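J.: Please find the sequence and an experimentally derived structure below.
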Amino acid sequence: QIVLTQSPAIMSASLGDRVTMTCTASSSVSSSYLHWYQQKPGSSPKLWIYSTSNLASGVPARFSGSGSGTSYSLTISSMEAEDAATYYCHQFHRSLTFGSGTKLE
Amino acid sequence: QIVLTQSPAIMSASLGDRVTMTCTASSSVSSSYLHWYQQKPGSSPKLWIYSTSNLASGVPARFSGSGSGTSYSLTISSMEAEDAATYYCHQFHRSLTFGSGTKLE
Amino acid sequence: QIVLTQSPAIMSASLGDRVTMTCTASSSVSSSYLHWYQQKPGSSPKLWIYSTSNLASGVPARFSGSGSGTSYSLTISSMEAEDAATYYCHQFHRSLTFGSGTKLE
Amino acid sequence: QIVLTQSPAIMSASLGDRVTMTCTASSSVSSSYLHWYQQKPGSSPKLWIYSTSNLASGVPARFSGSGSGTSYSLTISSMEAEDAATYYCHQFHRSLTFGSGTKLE
Amino acid sequence: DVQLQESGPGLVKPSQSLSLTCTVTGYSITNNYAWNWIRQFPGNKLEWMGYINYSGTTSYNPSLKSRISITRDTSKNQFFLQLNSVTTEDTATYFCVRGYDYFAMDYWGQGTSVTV
Amino acid sequence: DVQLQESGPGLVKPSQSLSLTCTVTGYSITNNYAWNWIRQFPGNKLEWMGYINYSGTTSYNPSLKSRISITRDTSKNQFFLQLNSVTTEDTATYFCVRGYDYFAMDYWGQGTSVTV
Amino acid sequence: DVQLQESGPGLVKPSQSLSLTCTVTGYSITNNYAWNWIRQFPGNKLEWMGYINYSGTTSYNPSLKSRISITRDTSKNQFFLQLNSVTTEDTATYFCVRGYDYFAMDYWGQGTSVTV
Amino acid sequence: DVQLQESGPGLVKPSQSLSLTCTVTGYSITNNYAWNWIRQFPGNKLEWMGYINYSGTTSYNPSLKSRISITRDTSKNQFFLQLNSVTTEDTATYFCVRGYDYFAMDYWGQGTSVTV
Amino acid sequence: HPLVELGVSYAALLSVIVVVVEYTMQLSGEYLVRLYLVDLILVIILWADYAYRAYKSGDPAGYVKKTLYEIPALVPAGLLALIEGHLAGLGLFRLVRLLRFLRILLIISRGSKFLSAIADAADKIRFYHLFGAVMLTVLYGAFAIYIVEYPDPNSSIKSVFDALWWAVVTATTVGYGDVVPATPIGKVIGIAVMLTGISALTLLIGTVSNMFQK
Amino acid sequence: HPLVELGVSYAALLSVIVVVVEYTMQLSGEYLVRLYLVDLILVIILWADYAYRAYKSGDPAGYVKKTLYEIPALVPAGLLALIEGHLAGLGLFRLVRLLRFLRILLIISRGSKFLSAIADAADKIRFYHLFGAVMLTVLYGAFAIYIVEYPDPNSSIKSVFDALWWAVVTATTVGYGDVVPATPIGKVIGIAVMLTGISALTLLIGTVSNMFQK
Amino acid sequence: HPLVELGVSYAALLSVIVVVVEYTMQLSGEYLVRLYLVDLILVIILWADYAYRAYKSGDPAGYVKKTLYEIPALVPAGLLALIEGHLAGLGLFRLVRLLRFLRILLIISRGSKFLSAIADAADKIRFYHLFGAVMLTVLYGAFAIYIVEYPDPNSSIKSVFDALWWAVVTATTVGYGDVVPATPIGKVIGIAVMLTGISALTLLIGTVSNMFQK
Amino acid sequence: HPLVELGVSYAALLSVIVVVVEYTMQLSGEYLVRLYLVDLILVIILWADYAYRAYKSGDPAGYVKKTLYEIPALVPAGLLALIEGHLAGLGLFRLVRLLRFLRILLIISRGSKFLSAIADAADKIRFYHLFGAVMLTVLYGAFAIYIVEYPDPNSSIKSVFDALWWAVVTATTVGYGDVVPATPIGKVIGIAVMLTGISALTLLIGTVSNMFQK
Ligand SMILES: [K+]
Ligand SMILES: [K+]
Ligand SMILES: [K+]
Ligand SMILES: [K+]
């Protein structure tokens, strides 16, 4: 039932900088049911980080997730021309929900 | 149940005399169920007079029966060499019974 | 239940005159259930005017019916040698009934 | 239930002497249910004297049993090289039981 | 083109029941309308006795009911008039008629004379 | 043509039952009338024992009942006399007879001599 | 080889029900995991509607429940989305996804544009 | 010419049940007499355990009852000894015998050594 | 071994029933009484069917005899043959024949005549015919208890009705909480009653059922 | 011979039942009433099926009429034909035809439409169809006692329910200790009731059972 | 999910019955006891059949022994074999043979002799033979409750009769308002009793019915 | 024409039952719950079969686990799958597979293993399997009244037992004078209960009977 806050709703940076994002759940969660999906506008959604730390098979090791209790992150190390995507973070406590999407520019 | 008395138990006479016999029932009877049977010693019994007056098909009109209430008779008119037979009189009130037999000599 | 009065019970007139009859119901009726039958003595009855204002198939337009509430008529315009018939008027309020018959001569 | 005492538990003698044994039941018995079995160590037991006074089919007449009430014997007359066997005496009053065995040497 | 065809006895002794039979042709006793038994006394008067209908149900003249009843031959296409204990008054003519809309016999049978 | 044909033993030891058999010819044991078993003692006296009838039902002498009974061979056309515990008194002659109207044996069997 | 293949209409009048159809290939709707119907609003937001599962049982979004339901074609291997009384807000994009472990759609359908 | 034929294991661990099998030839376990299971301890002593009989019914040694039972193979002609929780004391030799008149095993089986 | 004394005592009770039921057979296997109650019930129906006209047909003696075709019918069934008994007993064997023809004529009349209203089905007789024994037995039953219950003091069973009720009730598998033997003896024979009444009353409903669907 | 008086008196009681049950037939052999309660019960289900929305659909008159496809369905069954009676009686024979088409259309609609509730073809109609007569009879029965029990003073039977209960109960072979005729007369007709209710109620459970084997 | 606790608790009760009924089988599948009550009931009939002459045959000891052909018949059935037990137990195995011949002779005598009561061949034995198990079970049942009802304080069930009554009654589908377990435990096992008694008591009436069709 | 108002009112009551019974179908046609109570009752038997050794096997924890071959057996039936629900709900879909194999192994073990004691007959399952639904329904029934009877003031029905009793009793055609709905509503649904319980409970005894003769 809890709501999600993917700040910044929108944000920018440049090639090389350690990009960061944050999923702040109004209420507690569960280190397990916390996942991250990357969406390239126009295309279809795609899971990117599941269970906080591990990444999808088609994901570059450059990514890393950090969270617990009320906050979790999608931290990186360097951007590209690809990373320009709307990253979403959904949880599953009472029911299912999603976030605003820490859009990357 | 009543008993019968065929007097005389034994008796005689001669050819020509109007032979007579009497059936005296200890108790009342019924003009109907009163019958007379003639038996020639050695042979088999044979009905002779039924319902007081009428006679068997093989009986000579010389016979006649007279009775009512407590007494009935087998009166004749003349004997023969045949008539020498033991005449019986049976009744049927409660059950069936017979008489001593007004034996003729 | 109610009774009917077809006056005149008997009446005359002759070729040309506008013959008239009248069905006077002791009680009210119903413009619908009011009908007129014509009977030629010897033959069988024959419906002639149904539902107060409309006539049978085999009936000459010369006829006309007028009634409402307690009285109805079978008015004509001219007689013939045929019209010489006993016209009846029956109604249906509580049950079924008929009239004395406005006999024509 | 009752117990048995086959004395001597062990005993000797030699060819010629009238060997003797004794079954002393702590309690009374029954001349019938008293029997004597002979066992040659190594082999299998073998009934030898049944019903107090009568012997088995394969038994030499040299044997004889004497008993009643509380005591019974297996007396002989002469030993052999065969008789060298552990003779047992069992009874049946309440239940079934056996004896220590009047071992022969 | 329809047509009722009445037929029947025409003479009986008092207390004896009257049995009338009227056939129907070119139609059916089950379609629509009702079926009547309206007699015509010697006084040329008309007295409606009763009716059975397309469905079956029936109703009689409130006076005669205590002494009558009616039926029909669903298969052969006919109806039956039954009057119990026929006295003298019953002496009259009989008719079977197709009770058209709002009740109005639109087809009459020729006729039958019954004497008592 | 009616004719009873009695037959049977004619000698038994006391306490032993007596079994009599009488056939019938020219008629039937079921039509009408009754069927009797009237014996004749050595004293030429006559004692009626009992009867079965055209239908089947039966009745005996009020004294002997306690020691007798009767039956019939519906098929072969015969009836059966059965006396239990035959003492000396029973020594006599036996007869089977057609019990005609108002009870009157109108046909007698020849006879059978029974000794005890 | 798992692959969801979503398909459907994409235009309807209010109060009218929406009927979506998504096929599945290289797998089965009965093995394991759950099957979702998560739509993407014009605001690129994502709202999960509900899911049926390998067994059959289902659960929806606590808000939409009052106006939705889902099913499946056990034989042809497909599931069905049903929304009753589609207002304007429902205008968005639709997606069917394989709900992998701990709930994480690990396979998405291309997409379908629904207009209201 | 009769003859009992005993056979069986001869080694087990404590608390484990002992299952003995003795066949019979030249006779039947249902005719007459009783069938015993009398063991011989290491002390050459003899202890009768129990018996089944020609009919079937059985009785055991009042002490062992709480821990034993017996049966038979009515068809194959054999009986079965069953002891539950075999401790050390049970270490001995076993024998099956034909219980002749007044109880007197008139036919002994060769033997079997069981160690615990 | 003690139970054999207690257990065999039960056998005795369980044994009587074997007869009470066995006897019930020897009372329903009579081609007579069975076939007589049937022809007496069909007429009782006429005893109120045609002899039930208002108090104006129940006053004209002339009109009942007037119908000399019905009089012989509205008479009995076997209560005509019942008389035959007090006749044959009085050796009036002659008169017996005439009365035999009367029953013969009556069975052809009623039998065939009634079968005129049987135009519906050929089984319109197999029914009652069966309904008979079924009922007879129940009677016999009610009577059984009647004897062993009527005299009893505080025994809910009194009239032949009350004992008859209990019969049907326990034979129709219904049973309520009103009719029940007080003396264990009644309860005893009861075990027989129902053991019978049921089985039979069932063969009844069996056809009743089948006939019901047509 | 005295027993014939006592024994025949019983025959009379045993005789009435023959009619009470015979009559029960002439009340369930009507292809009508039977086929009318069925089409009236299926709709009562709709009377709470579609006309049972919260107090917001039960206020919008516009929306009930809105569904002009259901209104005709949620009307009666035969209570449309019932009217036809007060019509034909008033010679409105013309209007009769139109109303005849309405019942024709209604039977095709409901009949076929309802048969669309899959998983059972021609298996689910034989059911209710039968459930009808079965129930009708029980009714007739309850009514039978109703008449002869309602007026009685201390008679555990009062309402049509209480008399109806006794009916089912004694027809379902159940019977308790609450419902039971006080006047022997009720007990009488009862013998008929159960003699019927049972046999029928059984033919019911017969199919109920078989069908239940799914 | 809480219901699984409450719902499974029911399973337990529903489970015991599975045994109480299963056990009822292991008590009627004995070719013995079954075939022993039958030959003991047939004789109890003789115990009052031939040993019931007035007080003048009941005094002559000489005449009972006089009929040395009946004495062996009017003795027991198995109460002769019952003895065989106290014999074989006492190893009198020799004497066993002789007593075995006695039962052999007795079964040929009675068996064949009794079968001489004409009009029913092989039809009358299948009856009682079956009547046996049927009754046995009911007994076992009555006994079941007997144990769990006799001790109870205010428990309408007392004697073996009262507990036996309840058995038949609930097994004959009758049931009244007198016999009923007070302790829910009795009510429990009861569910088993009837689950059994009925099914069996029915197979009984099944043949009773068919046979009754004569 | 007034009766149609009174008579149709009855139709309504007669109508509800049509559903209460129809619904009873949609509760016994589940290849699941049916096949789950069966495998849970067979184990409850083991819950007292092997886990009922004296207070010396009920103290050694080591010996219960010692038999690692039974532990999996003496666990549940579906109370293992019940858990699967609280799992799939928590998307632990991975763990679901493993637990699916456990039920698969358990059904092969118990199924075949138990059928080792089935050497007697192949129907030793068709029985209980059927005994299930039969019982389920009765439950559903008892529950039906339970709801509409428990709250009622002076209502002889209280516990789930008392309401359960009434169920069996009225479903076994037995019925006494103790269990009976006070509120006419209970009496109502009851008509449905028995209309069901009976038919089913009969199909039960049907096989019980047949099986009884072999
Ligand atoms: K009851
Ligand atoms: K019942
Ligand atoms: K009952
Ligand atoms: K009751």
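T.: Alright, I've got the coordinates. Numbers count the residues shown, from 1 in each chain, chains lettered A, B, ... in the order given. Ligands and ions are numbered 1, 2, ... in the order given.
J.: I'd guessed residue I:164 sits against residue I:135; true?
T.: No. Under the criterion of CB atoms under 8 Å, residue I:164 makes no contact with residue I:135, lying 10.2 Å away. Bear in mind the C-beta positions are built from the backbone N, C-alpha and C, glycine included.
J.: Quickly list what residue E:20 is bridged to.
T.: Judged by DSSP bridges, the bridge partners of residue E:20 are residue E:81.
J.: quick one: it and residue E:6 touch, right?
T.: Yes. Residue E:20 is within contact range of residue E:6, at 7.4 Å (criterion: CB under 8 Å).
J.: any residues in contact with both of these two?
T.: Taking CB atoms under 8 Å, 6 or more residues apart in numbering or on different chains as the contact rule, residue E:20 and residue E:6 both touch E:94, E:96, E:112.
J.: Tell me where the chain has strands.
T.: You didn't pick a chain, so chain A it is. All strands of chain A, identified by DSSP state E, fall at A:6-7, A:10-11, A:22-24, A:35-39, A:46-50, A:66-68, A:71-73, A:86-92, A:96-97, A:103-104.
J.: To clarify, I was referring to chain E.
T.: Ranges of strands in chain E, per DSSP E, are E:3-7, E:18-25, E:34-40, E:46-53, E:58-60, E:68-72, E:78-83, E:92-94, E:96-100, E:104-108, E:112-114.
J.: Could you measure from the residue most central in space within chain E over to chain D?
T.: Most central in chain E under CA atoms, centre = their mean is residue E:37, positioned 2.4 Å from the mean C-alpha point. Separation of residue E:37 from chain D (CB to the nearest CB, to the nearest Å): 107 Å.
J.: for residue E:4, same thing?
T.: In terms of CB to the nearest CB, residue E:4 sits 111 Å off from chain D.
J.: ok now do that residue, which residues does it touch?
T.: Counting by CB under 8 Å, 6+ apart, residue E:4 has contacts E:22-25, E:96-98, E:107-109.
J.: out of those, which are buried?
T.: E:22-24, E:96-98, E:107-109 (16 or more other CB atoms under 10 Å in any protein chain shown).
J.: Now do the residue in chain I that ligand 4 sits nearest to: how many residues are near it, please.
T.: Per CB to the ion, residue I:177 is where chain I lies closest to ligand 4, at 4.5 Å. Neighbours of residue I:177 under the rule other CB atoms under 10 Å in any protein chain shown: 18.
J.: So it, which state does it fall into?
T.: Put simply, residue I:177 is coil when judged by DSSP: H, G, I helix; E, B strand; the rest coil.
J.: residues in contact with the nearest residue to residue A:94 once chain neighbours are set aside?
T.: In space, and not counting its chain neighbours, residue A:94 is closest to residue A:1: 4.1 Å by CB to CB, 6 or more residues apart in numbering or on different chains. Residue A:1 is in contact with A:93-95, A:97, G:62, counting by CB under 8 Å, 6+ apart.
J.: and the residue of chain I nearest chain K?
T.: Going by CB to the nearest CB, chain K is nearest to residue I:177 of chain I, at 3.2 Å.
J.: Verify the stated contact: that residue with residue K:169.
T.: No. No contact is recorded between residue I:177 and residue K:169 when judged using CB under 8 Å, the distance being 11.7 Å.
J.: what do these two both touch?
T.: Jointly contacting residue I:177 and residue K:169 under the rule CB under 8 Å, 6+ apart are residue K:176.
J.: what's near enough to touch residue 3?
T.: I'll assume chain A. Counting by CB under 8 Å, 6+ apart, residue A:3 touches A:25-26, A:97.
J.: wrong one, chain E
T.: Residue E:3 neighbours (CB under 8 Å, 6+ apart): E:24-26, E:107.
J.: Can you pull out the residues in contact with stretch A:57-69?
T.: Under CB under 8 Å, 6+ apart, the answer for stretch A:57-69 is A:23, A:28-29, A:31, A:34, A:36, A:48-49, A:52-53, A:55, A:72-78.
J.: what's the burial count for the closest residue in space to residue I:117 that isn't next to it in sequence?
T.: Once flanking residues are discounted, residue I:117 sits nearest to residue I:124: 7.8 Å by CB to CB, 6+ apart. Look at residue I:124: counted by other CB under 10 Å, it has 15 neighbours.
J.: I'd guessed residue I:124 sits against residue I:111; true?
T.: No. Using CB under 8 Å, residue I:124 is not in contact with residue I:111, being 11.6 Å away.
J.: Okay, buried residues for stretch I:103-110 please.
T.: I:103, I:106, I:110.
J.: likewise stretch E:103-116?
T.: Quick answer for stretch E:103-116 (16+ other CB under 10 Å): E:103-109, E:112, E:114, E:116.
J.: hey, which helix is longest across chain I?
T.: helix I:184-212 (DSSP state H).
J.: so what secondary structure elements neighbour that one?
T.: If contacts are counted by 3 or more CB pairs under 8 Å, 6 or more residues apart in numbering or on different chains; DSSP states H and E, helix I:184-212 sits against helix I:3-25, helix I:126-149, helix I:160-171, helix J:184-212, helix K:160-171, helix K:184-212.
J.: what angle do that helix and helix J:184-212 make?
T.: 60 degrees (axes from the mean of the first three to the mean of the last three CA atoms, to 10 degrees).
J.: and helix I:184-212, anywhere near ligand 2?
T.: No. Helix I:184-212 is not in contact with ligand 2 by CB under 5 Å from the ion; minimum separation 9.2 Å.
J.: Any of the contacts of residue A:1 buried? List them.
T.: In the contacts of residue A:1, the ones that pass as buried (16+ other CB under 10 Å) are residue A:97.
J.: Pick the one among the contacts of residue A:1 closest to chain B.
T.: Among those, residue G:62 lies closest to chain B (CB to the nearest CB), at 105.5 Å.
J.: Which residues are in contact with that closest one?
T.: A:1, A:94-95.
J.: measure residue A:26 to chain G for me?
T.: As for residue A:26, its distance to chain G is 16 Å (criterion: CB to the nearest CB).
J.: Determine how far stretch I:90-98 lies from the middle of the whole chain.
T.: Relative to the chain's own centre, stretch I:90-98 is displaced by 29 Å; criterion: CA atoms, centre = their mean, to the nearest Å.
J.: Give the buried residues for that stretch.
T.: Within stretch I:90-98, judged by 16+ other CB under 10 Å, the buried ones are I:91-93, I:95-96.
J.: That stretch vs chain B: in contact?
T.: Yes. Using CB under 8 Å from any CB of the partner chain, we find that stretch I:90-98 touches chain B at residue I:91.
J.: burial of the nearest residue to residue A:37 once chain neighbours are set aside, as a residue count?
T.: Of all residues not flanking residue A:37 in the chain, residue A:88 sits nearest, at 4.5 Å (CB to CB, 6+ apart). When neighbours are counted by other CB under 10 Å, residue A:88 registers 28.
J.: Which single residue of chain I approaches chain B most closely?
T.: Proximity of chain I to chain B (CB to the nearest CB) peaks at residue I:91, 6.7 Å away.
J.: Touching, that residue and residue F:34? I think so.
T.: Yes. The pair residue I:91 and residue F:34 passes the contact test of CB under 8 Å, sitting 7.0 Å apart.
J.: Tell me the buried residues in stretch I:55-72?
T.: residue I:64.
J.: Give me the contact status of that stretch with chain E.
T.: No. Using CB under 8 Å from any CB, stretch I:55-72 stays clear of chain E, with a minimum separation of 10.5 Å.
J.: Tell me which residues are up against that stretch.
T.: Residues from elsewhere that reach stretch I:55-72, judged by CB under 8 Å, 6+ apart: I:46, I:50-51, I:102, I:105-106, I:109.
J.: Need the distance between the two termini of that stretch.
T.: 22 Å (CA to CA, to the nearest Å).
J.: The residue of chain E found nearest chain A: neighbouring residues, count only.
T.: Nearest residue of chain E to chain A: residue E:55, at 63.1 Å (CB to the nearest CB). Residue E:55 has 15 neighbours, counted by other CB under 10 Å.
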